[PDB]
């Protein structure tokens, strides 16, 4: 009965969305009258490096590449529901774009949390509706300064604490390969859009896998750098001052070269001048372009989330293809993964028991795809500890998350923050002892059914670990689900048998033809190495 403002918020958001799309369309069709004989699917097809080349040499005009992609985005949006807003003024930015910039005339999609002047960054929440950004976030300024034309705000799951992608304002985003499936999240609108040719390049945030999931589920590249490689200034979030598990932002694109282009474009003196709290580490092209044989750690499971057959096959086929290229593959597994997930990561994100998070939800509709998170955090802490002590014998994995989602005293979070530092060094010591360069990893895939990710929390294990360690981690699509793999899904039993295993069992069925990826990891500040290795995987696993 107190959803007055929630119902009103949503109505405004949908008309703002509808007006954006209607504006986008009447823009595109104006253009197509004056540009009929023009090779739009050669343009949309063109890889980004190609595209910048023609924009810089002046073979294609910026308006052509803008209004061609603008049309395509609008078309793919009809199946997917992945464009929140059309960024108003981008037509004006196109004409006054910095001409010798590294992304001159490249149109760029932005996850909604990236502040853009005059536009809401709602995060699917009614409390953030009707509250336009006073100015562009630091990375958007650098984008615009480097010649790019940010043009849409792509959708996110309510609060971004979910690897599905629905909210009560703009509704549910769907996977462009199969509309019964989730596109991933929280950068789901990004993946859906880029993954269907709606944008050559875009920007996401990751805190539990939120770049890597949608990249994998929608079959594109994506990199989560080290937390403070790039400027978090101006990004809209649920919680501020949680530093233990640090959020990280990075690129999402159709290929690995695009990603390396994009970092090289942002890591410049503009970024470091505009935000001196970021360490002025220039993009080292020498390391990215190296062809030195790699010592590559690997594991085909984390013993926590049982991989799908597709994942397992993707991991082994890459492992072996890499061996044939001459890289040295070494079995490697970080110590105490259950501890990192159940105690450290979970404790880090909900150190305060959720009370900060939850005030975003007061008087709002709770999206079904958040599952039982809001209800669980809303429970009082004595009931969490009691209920944990009952479940532990029967369901340790679930009892352990519950035990570490209670509020704690400043003394206890100092102790947790120390264990994270020590754990990070603990895994670095494993790494250095086996002299590895990079680390090959499975990656959750194929894409889950809709409203499944919310009730399959174990499956964050593959990605979350490296938010916890704060290692640069990216994904590359390597293969597509065979019927042989989809059939092998009915022998899937999981390592625990609790409901997260059961939900994801069914969630991952009926996924023939969907893409499946692997994860690449490096030590901190070695983003350029992570991309060298991702690029290697990309070359060796193309069909």
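Positions refer to the first chain, counted from 1.
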item: Comparing 89-97 with 303-311, the one whose average Cα B-factor in the PDB entry is higher; value: 89-97
item: Of 530-538 and 5-13, the one with larger mean CA B-factor; value: 5-13
item: Residue of maximum C-alpha B factor among 153, 424, 72, 319, per deposited coordinates; value: 72
item: Residue selected from 112, 470, 206, 134 by maximal Cα B factor; value: 134
item: Third of chain Cα B-factors occupied by residue 381; value: highest
item: Position of residue 147 among the chain's modelled residues by C-alpha B-factor, lowest, middle or highest third; value: middle
item: Among modelled residues of the same chain, the CA temperature factor third for residue 498; value: middle
item: Cα B factor band for residue 513 (lowest, middle or highest third within the chain); value: lowest
item: Within-chain third of residue 491 by Cα B-factor, per the entry; value: middle
